[PDB]
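Protein chains in written order, with the authors' numbering: chain 9, 1 to 148; chain q, 1 to 38; chain 4, 1 to 94; chain Y, 1 to 141. Note that the Cβ used here is the ideal one computed from N, Cα and C, for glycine as well. The block underneath contains the structure these notes are about, expressed in structure tokens.
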RNA sequence: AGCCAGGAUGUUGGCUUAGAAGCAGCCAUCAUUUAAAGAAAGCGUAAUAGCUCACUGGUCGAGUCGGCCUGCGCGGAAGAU
């Protein structure tokens, strides 16, 4: 541990992501291996670039230190180990979906999908955050509904 | 058993314990290190 | 800025000094300028800690005696011959 | 990939999958088949490049037939066939004598970006510098 | 303090040696991915391998660490009617 001019940096990035971000997931890394986070690296990598950071911060004076500002409901998701996956550019994308599909392959756990702060609930794996650019499905029925 | 006037921790594993008014070194690792004050 | 507290010595001598030493105090003196030399006692423990630091001897110190700040510099210190202890201190006015 | 079994990586040949002195029977004998290493590995070898070392990992357990998998080339040996001196040194590490290229050490790391944790594409090139300065090769950036 | 994890790369540093891959030595004691990982403190070996350790991240959730001064005690302490 340093002093006070190093611990704040972690919170600075935490608050920055917590505030300036979007839909976020959770990954209780109780025994993180080497491919577990490596598999997420590629998953997070797909999303634009390096904006889907996922550090192993579950301290009350670390990841819970930036709860007073934004995401003021991580006090219940601060015990044990909670790897907050704060997003950035875009919205929810397939983060929650991917996480669920990545946590269903026995990748440690995620405290029963605690969840971040976006809607007005808590734990709810929804798949209504996937399509958000599709605009060619309304041009498949035009050369088949003319003859009849 | 070494029985000495001067008993000491000889390694990391060596622990000092007093039993029945006798300082003794007992070591989990090395049998040679186990000592007694006399 | 080291601030020492002190009391003026009623009785001086060999026996007295010894007694003082026994009671966790130790004698000391201030001397310099026109003013007469002032004999004082000091609590030992407090002063020893202070004197551990090398800044104690170089810088000016403030002795408080009868509610009066005298600014002095440590001139000489008698130490005990085989203990971490102070027999006596010579302070010079500054 | 989430679970692994057995793996014996070894610089083999891509031109002809049939060695003896280097590998041969030592490349597979504990349930592995040496007859299934020259009918599937060569199939996915005539659609890229063959001749340089190609580390391979056979997914064999105890069901005879296995599943040949691919890999990637070493980044430390990437400054020999795509830089300058092949050895990369020549004398005891004490007097810098090696060198690299300022125009390279960027597109040579993009080829092996399937094994780099660096989220950013330029972040993977930062790790190459350290691998390109193993002995102390001074680049003319 | 225990408890759960890692304890990597260049790299097995070169030699001289029969071999030397942290661990026969002799010598340099550097750099990388950085949360952190000693060209390695102990075990281990034909030597690798393998098993620990250093430091560090987590759990936990209040005191804890080892010097100084002195009081009293313990061992050191076996003899012949």
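Classify residue i as buried or exposed, calling it buried when 16 or more other Cβ atoms lie within 10 Å of its own Cβ.
i, result
"residue 141 (chain Y)", "exposed"
"residue 85 (chain 9)", "buried"
"residue 127 (chain 9)", "exposed"
"residue 111 (chain 9)", "buried"
"residue 6 (chain 4)", "buried"
"residue 6 (chain 9)", "exposed"
"residue 1 (chain Y)", "exposed"
"residue 20 (chain Y)", "exposed"
"residue 114 (chain 9)", "buried"
"residue 147 (chain 9)", "exposed"
"residue 25 (chain Y)", "exposed"
"residue 25 (chain 9)", "buried"
"residue 116 (chain Y)", "buried"
"residue 72 (chain 9)", "exposed"
"residue 12 (chain 4)", "exposed"
"residue 18 (chain 9)", "buried"
"residue 145 (chain 9)", "exposed"
"residue 33 (chain 4)", "exposed"
"residue 48 (chain Y)", "exposed"
"residue 134 (chain 9)", "exposed"
"residue 38 (chain 4)", "buried"
"residue 64 (chain 9)", "buried"
Please name the residue, chosen from the options, that lies closest to residue i on a Cα-to-Cα basis.
i, options, result
"residue 58 (chain Y)", "96 (chain Y), 27 (chain Y), 81 (chain Y)", "27 (chain Y)"
"residue 47 (chain 4)", "12 (chain 4), 92 (chain 4), 87 (chain 4), 81 (chain 4)", "87 (chain 4)"
"residue 89 (chain 9)", "104 (chain 9), 79 (chain 9), 51 (chain 9)", "51 (chain 9)"
"residue 10 (chain Y)", "73 (chain Y), 119 (chain Y), 137 (chain Y)", "73 (chain Y)"
"residue 59 (chain 4)", "94 (chain 4), 13 (chain 4), 18 (chain 4)", "94 (chain 4)"
"residue 24 (chain 4)", "66 (chain 4), 85 (chain 4), 56 (chain 4)", "85 (chain 4)"
"residue 33 (chain 9)", "3 (chain 9), 135 (chain 9), 109 (chain 9), 65 (chain 9)", "109 (chain 9)"
"residue 27 (chain 4)", "14 (chain 4), 69 (chain 4), 35 (chain 4), 49 (chain 4)", "14 (chain 4)"
"residue 37 (chain Y)", "68 (chain Y), 121 (chain Y), 90 (chain Y), 112 (chain Y)", "68 (chain Y)"
"residue 13 (chain q)", "3 (chain q), 21 (chain q), 32 (chain q)", "32 (chain q)"
"residue 80 (chain 9)", "8 (chain 9), 29 (chain 9), 145 (chain 9)", "29 (chain 9)"
"residue 11 (chain q)", "1 (chain q), 17 (chain q), 30 (chain q), 21 (chain q)", "30 (chain q)"
"residue 19 (chain 4)", "4 (chain 4), 1 (chain 4), 36 (chain 4), 43 (chain 4)", "43 (chain 4)"
"residue 63 (chain Y)", "81 (chain Y), 80 (chain Y), 30 (chain Y)", "30 (chain Y)"
"residue 8 (chain Y)", "46 (chain Y), 52 (chain Y), 71 (chain Y)", "71 (chain Y)"
Work out the CA separation of residue j and residue i for me, nearest whole Å.
i, j, result
"residue 118 (chain 9)", "residue 59 (chain 9)", "22 Å"
"residue 10 (chain 4)", "residue 54 (chain 4)", "31 Å"
"residue 39 (chain Y)", "residue 3 (chain Y)", "26 Å"
"residue 141 (chain 9)", "residue 92 (chain 9)", "30 Å"
"residue 71 (chain 4)", "residue 77 (chain 4)", "17 Å"
"residue 19 (chain q)", "residue 5 (chain q)", "16 Å"
"residue 110 (chain Y)", "residue 128 (chain Y)", "11 Å"
"residue 107 (chain 9)", "residue 122 (chain 9)", "22 Å"
"residue 57 (chain 9)", "residue 114 (chain Y)", "27 Å"
"residue 151 (chain 9)", "residue 98 (chain 9)", "In the structure as shown, chain 9 begins at 1 and stops at 148. Residue 151 (chain 9) is therefore absent and cannot be evaluated."
"residue 61 (chain 4)", "residue 45 (chain 4)", "17 Å"
"residue 112 (chain Y)", "residue 75 (chain Y)", "8 Å"
"residue 62 (chain 9)", "residue 53 (chain 9)", "15 Å"
"residue 23 (chain Y)", "residue 12 (chain Y)", "7 Å"
"residue 65 (chain 4)", "residue 7 (chain q)", "53 Å"
"residue 120 (chain 9)", "residue 45 (chain 9)", "28 Å"
"residue 105 (chain 9)", "residue 35 (chain 9)", "12 Å"
"residue 1 (chain 4)", "residue 116 (chain 9)", "54 Å"
"residue 143 (chain 9)", "residue 137 (chain 9)", "13 Å"
So, residue i versus residue j, is the Cβ gap smaller than 8 Å?
i, j, result
"residue 87 (chain 9)", "residue 22 (chain 9)", "yes"
"residue 102 (chain 9)", "residue 37 (chain 9)", "no"
"residue 104 (chain Y)", "residue 125 (chain Y)", "no"
"residue 108 (chain Y)", "residue 78 (chain Y)", "yes"
"residue 8 (chain 4)", "residue 29 (chain 4)", "no"
"residue 99 (chain Y)", "residue 138 (chain Y)", "yes"
"residue 101 (chain Y)", "residue 83 (chain Y)", "yes"
"residue 41 (chain 9)", "residue 119 (chain Y)", "yes"
"residue 50 (chain Y)", "residue 14 (chain Y)", "yes"
"residue 60 (chain Y)", "residue 32 (chain Y)", "yes"
"residue 11 (chain 9)", "residue 66 (chain 9)", "yes"
"residue 15 (chain q)", "residue 26 (chain q)", "yes"
"residue 56 (chain 4)", "residue 75 (chain 4)", "no"
"residue 15 (chain 9)", "residue 83 (chain 9)", "no"
"residue 97 (chain Y)", "residue 90 (chain Y)", "yes"
"residue 93 (chain Y)", "residue 35 (chain Y)", "no"
"residue 41 (chain Y)", "residue 17 (chain Y)", "yes"
Curious, which full-length alpha helix (DSSP H) runs of at least 4 residues does the segment 24-92 of chain 9 contain?
35-46
3-residue-minimum beta strand (DSSP E) runs that sit fully inside the segment 19-75 of chain 4, ordered along the chain
25-31, 38-43, 61-65
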